[PDB]
Amino acid sequence: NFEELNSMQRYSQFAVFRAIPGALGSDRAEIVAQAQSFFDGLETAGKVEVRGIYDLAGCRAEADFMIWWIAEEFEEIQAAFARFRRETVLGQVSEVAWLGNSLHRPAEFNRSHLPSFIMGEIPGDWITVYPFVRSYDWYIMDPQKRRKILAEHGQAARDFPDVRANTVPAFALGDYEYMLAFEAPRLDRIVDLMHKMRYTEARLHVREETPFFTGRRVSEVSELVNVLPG
Amino acid sequence: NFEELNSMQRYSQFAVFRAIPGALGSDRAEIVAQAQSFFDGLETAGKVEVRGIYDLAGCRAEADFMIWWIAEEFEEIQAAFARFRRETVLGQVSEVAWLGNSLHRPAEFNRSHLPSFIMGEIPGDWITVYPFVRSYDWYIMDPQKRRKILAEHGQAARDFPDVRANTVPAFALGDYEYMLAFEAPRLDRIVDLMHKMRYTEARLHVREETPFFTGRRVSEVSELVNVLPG
Amino acid sequence: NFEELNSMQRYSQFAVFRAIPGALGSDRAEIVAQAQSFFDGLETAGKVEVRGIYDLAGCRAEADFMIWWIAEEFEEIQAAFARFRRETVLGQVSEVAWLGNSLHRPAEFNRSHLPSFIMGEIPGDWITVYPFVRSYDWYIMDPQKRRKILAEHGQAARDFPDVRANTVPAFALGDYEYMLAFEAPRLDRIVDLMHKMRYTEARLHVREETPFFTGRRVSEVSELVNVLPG
Amino acid sequence: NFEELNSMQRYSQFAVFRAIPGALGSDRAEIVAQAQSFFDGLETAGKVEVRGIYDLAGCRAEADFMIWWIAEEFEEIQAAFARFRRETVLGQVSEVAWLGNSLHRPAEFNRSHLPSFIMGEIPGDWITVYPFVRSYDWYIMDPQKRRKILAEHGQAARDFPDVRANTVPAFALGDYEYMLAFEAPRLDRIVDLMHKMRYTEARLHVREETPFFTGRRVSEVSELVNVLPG
Amino acid sequence: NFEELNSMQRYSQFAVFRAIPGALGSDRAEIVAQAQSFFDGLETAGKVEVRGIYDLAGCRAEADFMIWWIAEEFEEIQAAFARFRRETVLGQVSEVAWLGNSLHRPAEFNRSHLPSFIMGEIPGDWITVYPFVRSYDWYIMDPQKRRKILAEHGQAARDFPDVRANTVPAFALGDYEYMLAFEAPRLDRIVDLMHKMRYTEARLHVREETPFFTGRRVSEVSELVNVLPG
Ligand code: FEC
Ligand code: FEC
Ligand code: FEC
Ligand code: FEC
Ligand code: FEC
């Protein structure tokens, strides 16, 4: 099944939204009821798996919450994404802020490196996601040297096994090359990990890694809706 | 044929639009029939060729659908684009997000390399479109050096003959040097072509290649109007 | 007369406007008349010369049409510019998208390179306008090296005598160094010229050259107002 | 006690807000009371410490005031932030401009350097806040060279002991690597510190340090509320 | 007195506003009366010196007029800037586009160089304003090499004594290092000065110098308010 985990087809999308001030109002029970119904429908249809919903309040301006859903076919995420904005009031009073799309593929050298979500691990309580673009010369570099740099890079994170990684290619799914998501039970551990990873030779082959989206996984839509601005 | 295909004048435009939340309303039957009537007119007139309409739902924020159409004269694309915005409710309740214009020309060295749309090939079910800007030294470079880089570049895509390429100059038709479009029966094949094309010396002569637009070709206007947000 | 031309004082402005969807409507005859009446008063006063009005439909998002007008003193352009927005409906229902200002000066080495509008040449049916910023090391370069670079640059355009050039300084009149406009009877002639001009050593001393505005010169106001979105 | 401060966990957020014209109005006695009462709540709950509220009028377009508050847990900053926008009129008539989050950590080589707020010092009357991002080769630089570079960096600031420094890591809490705040009783001593600090080898390892936020600490909510635009 | 001129403390701000179409209207007589009254109160108060009001119509999109005022303390500019926005109808129907703040300081090597406003010279009828940022290596450069580079810089400007300079530090007051303003009786003399300064070695140590704001000093508020779009 290790071969099946590498040959698996899974599209992953991070859908970031911002709240429109003055749109939600103070009465939100129907919005909550209609929204939880939509997600109940996704779950029983068995096609789009919602890994988490995250309260992004306080991370950045122009972003409030985010959905992380996965599916075998991208056209499934298109329809769920479209139906959310079209047939739910929460989707009609939310603006789309940023979309991070990716597709699982095996690693170039160490095929034991698999995304946390590919392996069915339990999602972390805290998350940070952001895109990634490598240097222009990265992929044509001597494969022996690139393999050496990626080994020092994996070895530099040995002290953070509580932080689960998700590196997923994103070519042609947007303006980026990879899509990154890191889950942990505590935010301060993610911060510490990013700091340590700066001490690697791979940092000399980086072109872009913004924007960042950092938030807490909520247990149910009501926990998130009731927080948003009015 | 290959000389007349190289010599023919064809302009090509990718018209990307963004839905205005709240403008479409829930009753769209008349809006669909009117839009279909507009496209049927273009066909019978036989001046502007619509290669495809694409649902971009979930690709990026601030974009929803796209029109790809072609004409021998550019002012006929101007008139169809302006008429679409002016005389159809769909175009009235849509916002222009981005325009990618190009004009067909023969390749520098290999004159058997022609866009898939120039060769009359059936359009693919999935598409990614993005503009392109080479490095400043690309064209003044030793011509035989460029020749060699483009040949290796071409060989790196030998295993993706199901992905059909459209590389069209765009000088002075916008902010870009080339308009790129790649169509295929499956989206995953485009992601993997882009990933493979990173292993080329030509990646050292790239200045810009965003924004990306990726979507699914719809069989009819109605299929698209229905997924858009109200 | 030749040194008389190099000594002239002329300011040139490209005023690009963007239509406000929903602000115009379908009864545009009076709007067209007040607009025509305004441009008649300018020519009557004989201080501001309108070289052409241009339909940019389909060129880029957030731009619809452009005015090119010239005057000996810049304050006369400010007046015509502010009166157009203040005292004509077409100006009250349009947004300023971009302004490109310049002031004619003689060339550094070749005093017989003069802008087309300074030579009084008939304006072209198709135009492309964009700003220009040279590399930081351009002007402190050896004058003889820079002189040779400009001479080879000029020679690369020998085969496009139907494309007339306006290369005008713009220092301190905005964010750029030069303002460029290229007039031709056919758009493809402008595209082919720019592609050819890439094969010059002058491309290694370039810092900026966007945004581009390309369009067709209209015979009369009505021709433009009837294309815009209602 | 320095060992206990280094090991302290403290989250810090700068919440920059911009006023909405025509939203606040002329009568504000009730907004200042509801607002003053909100901050009174945080005081009792003893979870979120407001280090200062700053009047940013005149610093930059699209920013008017700022809140600097600290919490042991970032979830507490999330709730406080979300409650302000949701449960006070001041937060409902303002929009979020920019957010600067950080987490206090011990320094690399000199463990006696601690943020001025970790030291419990008194907030300066004037402040400048801005993010920071080092060069890509900074942390993988030979540690002795970095130690020395930061030593010179420290000696170069001996002239300004009256400006208190807060340098806090910000990895994964946004688009930046560090969050910087500099507190002083006079604004001009901050300006001179930035000017003097330009003369350091550290400046050769900088990638980004904008946007800046500079303003005056207010002694109570009323005075800030009353300078804002109606 | 020159030593007092180098030791004098003076804050300078360029406050750029943007008219709101539809917000001014036609009957602007009480508007101008109220704005002239506010500026007259400023002169009587004697703390904030208005150096000029500038008509920026036609320079750039999204900018219409500019105020240049000076004060010994920056708190007094905050007060007038806020009071203008909050209490004068003009400030209420204008948007803040950009703010340029600086603080007068002595020159590094030649203390005879002083801004034109610090010496009390009559303001010029035309102006160009823009921020400036030097290269990262500029201040750590060998002082004698920077002394020589600045001396040649100054000598390049000798052909333009009619163009008066105001180069003022802007560290910590925004996103820039210097705030530049050049006043002259003719606009074409400002363009020719910029063009000539390009022939200097200091140009190899530049990072940012945009945006520009170029306009005409008006005699009285009335002269400007009548130009604005309704
Ligand atoms: C964080 C973070 C970034 C982005 C920040 C940065 O650039 O430092 C980051 C960047 C990337 C990027 C691109 C890739 C894509 C590969 C490439 O071709 O560039 C990429 C891919 C890989 N990462 Fe990665 N990462 N990464 C971790 C976290 C981060 N990683 C942690 C933790 C571990 C260690 C734990 C684990 O293996 O599960 C780890 C290891 C790997 C391995 C396997 C290592 C091995 O071969 O031994 C592969 C493959
Ligand atoms: C994808 C993709 C990109 C953008 C990504 C990248 O930059 O790597 C991409 C980039 C460019 C760019 C610019 C140009 C413009 C020419 C230049 O001066 O740069 C450009 C133009 C050409 N491409 Fe290109 N491409 N490209 C393919 C797909 C992609 N291509 C595939 C597939 C094939 C192979 C199959 C085909 O012939 O159709 C292929 C080959 C060519 C040939 C013919 C080479 C030959 O002599 O063999 C020419 C000419
Ligand atoms: C197109 C185009 C650009 C921008 C695109 C590019 O960078 O390739 C372009 C860029 C620039 C720029 C800056 C300048 C300003 C000079 C400098 O100091 O940078 C600038 C100025 C000059 N151009 Fe220029 N151009 N340019 C033509 C078209 C383009 N030109 C064509 C055509 C001809 C030849 C036809 C004619 O003169 O009628 C031509 C010749 C000149 C001459 C005369 C040289 C001579 O022959 O000795 C001068 C001076
Ligand atoms: C202002 C300013 C900047 C941003 C501008 C710049 O780039 O110059 C600035 C930049 C940074 C940055 C990143 C860091 C993060 C460390 C690193 O890995 O880069 C960073 C961190 C440190 N700074 Fe820093 N600064 N800084 C001061 C003010 C500024 N500082 C003043 C004042 C003093 C001296 C007074 C004091 O706080 O005790 C001072 C000293 C330190 C020390 C302790 C020095 C020592 O070991 O000798 C550390 C650690
Ligand atoms: C215009 C213009 C720019 C921006 C364009 C450019 O980058 O070339 C411009 C750029 C800068 C910049 C930064 C600084 C800040 C100092 C530094 O470290 O960069 C800066 C500061 C100085 N400027 Fe400057 N300028 N500048 C003039 C106009 C311009 N200047 C004119 C005119 C004169 C001629 C003096 C006169 O008024 O009598 C002149 C001379 C000086 C002197 C005096 C040097 C001396 O000792 O001889 C100092 C100090």
Side-chain angles (χ1 to χ4, degrees), chain A residues 107-110 112-114 116 130 132 134 138-139 146-147 150-151 153-158 160-161 163-165 167 169 177-178 180 182 190 193-194 197-198 200 202-203 205-206 209, chain B residues 172, chain C residues 107-110 112-113 116 130 132-134 138-139 146-147 150-151 153-158 160-161 163-165 167 169 177-178 180 182 190 193-194 197-198 200 202-203 205-206 209, chain D residues 107-110 112-114 116 128 130 132 134 138-139 146-147 150-158 160-161 163-165 167 169 172 177-178 180 182 190 193-194 197-198 200 202-203 205-206 209, chain E residues 172:
Chain A
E108 183 177 7
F109 298 119
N110 185 356
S112 321
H113 179 85
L114 295 165
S116 170
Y130 58 100
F132 205 86
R134 282 277 180 210
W138 170 250
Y139 306 86
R146 183 171 55 267
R147 152 177 271 170
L150 278 167
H153 157 92
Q155 260 296 129
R158 71 210 210 200
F160 298 86
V163 192
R164 319 304 302 160
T167 77
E177 288 180 357
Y178 290 95
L180 310 177
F182 304 92
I190 293 165
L193 172 60
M194 295 322 140
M197 293 309 300
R198 288 301 202 266
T200 59
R203 290 301 301 173
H205 303 91
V206 176
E209 62 205 301
Chain C
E108 190 185 2
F109 302 114
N110 188 356
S112 40
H113 177 82
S116 185
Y130 56 106
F132 211 84
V133 176
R134 282 275 179 205
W138 176 246
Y139 309 85
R146 186 166 59 256
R147 193 201 262 110
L150 285 164
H153 162 93
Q155 273 284 125
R158 64 194 280 291
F160 296 88
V163 185
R164 314 310 294 176
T167 71
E177 287 182 353
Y178 289 93
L180 312 179
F182 299 95
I190 299 164
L193 174 61
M194 240 63 57
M197 281 333 258
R198 288 294 198 269
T200 52
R203 296 293 307 170
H205 300 87
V206 185
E209 69 199 301
Chain D
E108 194 171 8
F109 307 108
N110 183 355
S112 54
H113 181 87
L114 295 138
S116 150
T128 195
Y130 57 105
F132 208 89
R134 284 276 175 201
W138 171 253
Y139 311 85
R146 189 168 52 260
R147 191 194 257 274
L150 283 157
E152 279 134 27
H153 173 86
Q155 303 150 171
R158 285 302 162 45
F160 303 86
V163 186
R164 309 317 283 150
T167 72
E177 303 188 339
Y178 284 98
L180 309 186
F182 301 99
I190 308 180
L193 171 63
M194 305 300 135
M197 280 326 270
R198 287 308 202 264
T200 61
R203 295 294 305 179
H205 302 269
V206 183
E209 63 203 305

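Naming: A, B, ... by sequence-line order, numbering from 1 per chain. Any value given below was found using the heavy atoms of this structure, including those in side chains, with hydrogens, waters and symmetry copies removed. Remember, it's 1-based here, ligands and their atoms both numbered in the order they're listed.
- Side-chain contact between C:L150 and C:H113: absent, with no pair of heavy atoms (C-beta onward) separated by less than 4.5 Å.
- When C:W138, C:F160, C:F132 are checked for heavy-atom proximity to atom 17 (C) of ligand 3, C:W138 turns out nearest.
- Side-chain contact between D:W138 and D:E177: absent, with no pair of heavy atoms (C-beta onward) separated by less than 4.5 Å.
- Remark: minimum distance from atom 14 (C) of ligand 4 to any protein heavy atom is reached at D:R134 NH2, 4.2 Å.
- Ligand 3 has C:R203 within reach: a non-hydrogen atom of the residue lies less than 4.0 Å from it.
- Scanning C:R147, C:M194, C:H113 for the heavy atom closest to atom 42 (C) of ligand 3 points to C:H113.
- Contact atoms of ligand 3 toward C:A107: 49 (C) (distance under 4.0 Å to a heavy atom of the residue).
- Among protein heavy atoms, atom 1 (C) of ligand 3 sits closest to C:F182 CZ, 3.1 Å.
- The closest side-chain heavy-atom distance from C:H205 to C:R146 is not below 4.5 Å.
- Ranking protein heavy atoms by distance to atom 21 (C) of ligand 1, first place goes to A:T167 OG1, 3.6 Å.
- Atoms of ligand 4 lying under 4.0 Å from any heavy atom of D:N110, numbered from 1 in the order shown and given with element: 45 (C), 46 (O), 47 (O).
- Using a 4.0 Å cut-off to heavy atoms of C:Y130, the atoms of ligand 3 that qualify are 1 (C), 4 (C), 5 (C).
- Between C:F182 atom CZ and C:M194 atom CE the span is 5.5 Å, to the nearest 0.5 Å.
- If you number the atoms of ligand 4 from 1 as listed, the ones under 4.0 Å from a heavy atom of D:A165 come out as 37 (O).
- Taking every heavy atom of both residues into account, D:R164 and D:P161 meet most closely at NH1-O, 3.0 Å.
- Closest non-hydrogen pair, C:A202 versus C:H153, comes out as CB-ND1, 4.2 Å.
- A heavy-atom separation below 4.0 Å is not found between A:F109 and ligand 1.
- Note: no N/O pair closer than 3.5 Å links D:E108 and ligand 4 by distance alone.
- Counting heavy atoms closer than 4.0 Å to ligand 3, residue C:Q155 contributes nothing at all.
- Atom CZ of C:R134 sits about 9.5 Å away from atom CD of C:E209, to the nearest 0.5 Å.
- Residues D:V206 and D:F132 meet the side-chain proximity criterion, which asks for heavy atoms closer than 4.5 Å.
- Proximity of atom 35 (C) of ligand 1 to the protein is not indicated, since no non-hydrogen protein atom lies closer than 4.0 angstrom.
- The residue from C:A157, B:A172, C:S112 that puts a heavy atom closest to atom 31 (C) of ligand 3 is C:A157.
- Around the CD atom of C:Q155, the shell of radius 6.0 Å holds no more than 12 heavy atoms that belong to other residues, nucleotides or ligands.
- Taking distance alone, with nitrogen or oxygen atoms compared against 3.5 Å, D:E209 stays at or beyond that limit from ligand 4.
- Residue contact annotation: C:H153 places an N/O/S atom under 2.8 Å from atom 24 (Fe) of ligand 3.
- Close contacts between ligand 3 and C:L180 involve ligand atoms 4 (C) [criterion: under 4.0 Å to a heavy atom].
- Regarding atom 16 (C) of ligand 4, its nearest protein heavy-atom neighbour is D:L150 CD2, 4.0 Å.
- Shortest non-hydrogen contact noted between B:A172 and C:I190 is CB-CG2, 4.0 Å.
- Heavy-atom contacts of A:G154 reach the following atoms of ligand 1: 34 (C), 40 (C), 44 (C) (cutoff under 4.0 Å).
- Close contacts between ligand 1 and A:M197 involve ligand atoms 8 (O) [criterion: under 4.0 Å to a heavy atom].
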